[PDB]
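Shown next as structure tokens: one chain only, the form solved without the named molecule.
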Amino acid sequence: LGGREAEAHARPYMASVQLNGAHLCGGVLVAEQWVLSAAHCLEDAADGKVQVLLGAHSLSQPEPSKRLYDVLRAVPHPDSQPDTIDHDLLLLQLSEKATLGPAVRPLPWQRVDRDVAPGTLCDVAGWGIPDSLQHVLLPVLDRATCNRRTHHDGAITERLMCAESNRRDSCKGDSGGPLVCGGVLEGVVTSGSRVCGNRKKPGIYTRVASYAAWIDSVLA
């Protein structure tokens, strides 16, 4: 473990989904040629060019591991739609297998369909408003509380999970950012609301383990 040039990055699985050269959404490298993000990211596809940037820590600094990849195909869950929070997953296939290294490496995702224990501190990372990749450990909430914190609209299914969150988070945070617990991908954020108000809201993430068969079916 020594390459005088290429530097190691703490979160080598983070991918930046870009549109016309600017950060659109965070994503996670889950296989050499696949990046998982949220379907709502490709919402207002300005019809521009969409690419995936890997090996980046900071989007405003030169780094030897940064590499741009084009997208061969974008596969949103078949049941996702703009007016629902459900099945908000999106798999992007890169133009070619990503060259892996100290700054580029796939992250294992949870295939065992069981809830993350409430209270567990999970790593949420992404590029907010962007510069250096931002990350915070947020505690997972029990579904009961989350349901009541969402004003009880039964919006939280067993295919979704919740984490604590502050205001900036719910308005200035990465719109496709993963939720990683114990080094395993567990969730993908469902929010993208850019309107910053005083309305505090918990963080809602799509549980990847809940869509294991689908992810498997797509990557096969």
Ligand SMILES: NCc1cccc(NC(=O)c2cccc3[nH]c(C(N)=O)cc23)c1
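A residue's number is simply how far along the shown sequence it sits, counting from 1. Shifts are known only where both forms have a C-alpha. For the two forms, the rigid core is made up of the largest set of C-alpha atoms that agree within 1.5 Å on superposition.
One more form of this protein, deposited with the named molecule bound, exists but is not displayed; see below.
Visitor: Is this site open or blocked for the named molecule? Place it by superposing the surrounding C-alphas onto its pose in the bound PDB entry, then apply the 2.4 Å backbone/C-beta contact test with a threshold of 3 atoms.
Guide: Output flag = blocked.
Visitor: Go through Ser170, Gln51, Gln33, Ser58 and name the one with a heavy atom inside 4.5 Å of the named molecule in the bound PDB entry.
Guide: Of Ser170, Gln51, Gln33, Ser58, the residue with a heavy atom within 4.5 Å of the named molecule in the bound PDB entry is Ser170.
Visitor: Taking heavy atoms and a 4.5 Å cut-off, does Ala10 contact the named molecule in the bound PDB entry?
Guide: No, no contact at 4.5 Å.
Visitor: Would you please decide whether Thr157 lies within 4.5 angstroms of the named molecule in the bound PDB entry, comparing each non-hydrogen atom pair?
Guide: No - in the bound PDB entry, heavy atoms of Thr157 and the named molecule never come within 4.5 Å of each other.
Visitor: Could you confirm whether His151 comes within 4.5 Å of the named molecule in the bound PDB entry, counting heavy atoms only?
Guide: No, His151 sits far enough from the named molecule in the bound PDB entry that none of its heavy atoms falls within 4.5 Å.
Visitor: Given that the named molecule is not shown alongside this chain, does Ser65 nevertheless sit within 4.5 Å of it in the bound PDB entry, heavy atom to heavy atom?
Guide: Heavy-atom contact with the named molecule at 4.5 Å: absent for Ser65.
Visitor: Select from 185 to 210 the residues with a non-hydrogen atom within 4.5 Å of the named molecule in the bound PDB entry and write them out in sequence order.
Guide: Sequence-ordered list: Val189, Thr190, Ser191, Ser193, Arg194, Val195, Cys196, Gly203.
Visitor: Superposing the core, which one of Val184, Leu68, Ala155, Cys171 shows a C-alpha shift reaching 2 Å or more between this form and the one not shown?
Guide: Single hit from the list, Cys171.
Visitor: Does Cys196 shift between this form and the one not shown by 2 angstroms or more at the C-alpha, the core having been superposed?
Guide: Superposed on the core, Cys196 moves its C-alpha 2 Å or more between this form and the one not shown.
Visitor: With the core lined up, does the C-alpha of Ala8 move 2 Å or more between this form and the one not shown?
Guide: True for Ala8: a C-alpha shift of 2 Å or more.
Visitor: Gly197 and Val124: their C-alpha distance differs by 3 angstroms or more in the bound PDB entry. Do they come closer or move farther apart compared with the shown form?
Guide: Pair moves closer in the bound PDB entry.
Visitor: Relative to what is shown, are the Cα atoms of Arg11 and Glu7 closer or farther apart in the bound PDB entry, where the gap shifts by 3 Å or more?
Guide: Residues converge in the bound PDB entry, at least 3 Å closer.
Visitor: Are there runs of at least three residues between this form and the one not shown whose C-alphas all move 2 Å or more relative to the rigid core, and where are they?
Guide: Runs shifting 2 Å or more: 1 to 8, 149 to 153, 166 to 173, 192 to 200.
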